[PDB]
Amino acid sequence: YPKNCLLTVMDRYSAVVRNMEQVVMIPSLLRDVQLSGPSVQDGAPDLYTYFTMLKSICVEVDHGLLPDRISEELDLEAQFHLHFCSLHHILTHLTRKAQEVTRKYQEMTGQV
């Protein structure tokens, strides 16, 4: 498996996030650390929210995936989910269709 492929990328991510969780011993220290890099009020998303998202995506990566504009940064979990789900749905659909092609050929050449 090549170094630049999605699957290698998946467990590099999983390794980094697991390391992140070993290191971040007192996660409440991340509350109130701004995302912007120190317009953002009290009560908005911060570094702890982000840390949480990272962990949350990692939980899905680890389960093999079972179904200003830092506001784009937090849409990432939703986007990720959209992508991984539609991959799942495409391959599932195509797996069935490939079976139908195999059956059709067998039929055509009188194997059944």
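So that there is no doubt, residue numbering starts at 1 and follows the sequence shown.
**Student:** Please count the deposited residues lying between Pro67 and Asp68 that the model leaves without coordinates, and give the class: none, 1 to 3, 4 to 9, or 10 or more.
**Tutor:** Missing in between: 10 or more residues.
**Student:** Gap size between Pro38 and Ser39, counting deposited residues with no coordinates: none, 1 to 3, 4 to 9, or 10 or more?
**Tutor:** According to the record, 1 to 3 deposited residues lack coordinates from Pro38 to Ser39.
**Student:** Please compare 25-33 with 68-76 and name the stretch with the higher mean C-alpha B-factor in the deposited structure.
**Tutor:** Between 25-33 and 68-76, it is 68-76.
**Student:** Divide the modelled residues of the chain into thirds by Cα B-factor and specify which third, lowest, middle or highest, holds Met53.
**Tutor:** Bottom third by C-alpha B-factor.
**Student:** Split into thirds by Cα B-factor across the chain's modelled residues, where does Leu47 land: lowest, middle or highest?
**Tutor:** Its C-alpha B-factor, which the entry lists for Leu47, ranks in the lowest third among residues of this chain.
**Student:** Sort the modelled residues of this chain by their C-alpha B factor and say whether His63 lands in the lowest, middle or highest third.
**Tutor:** Highest third.
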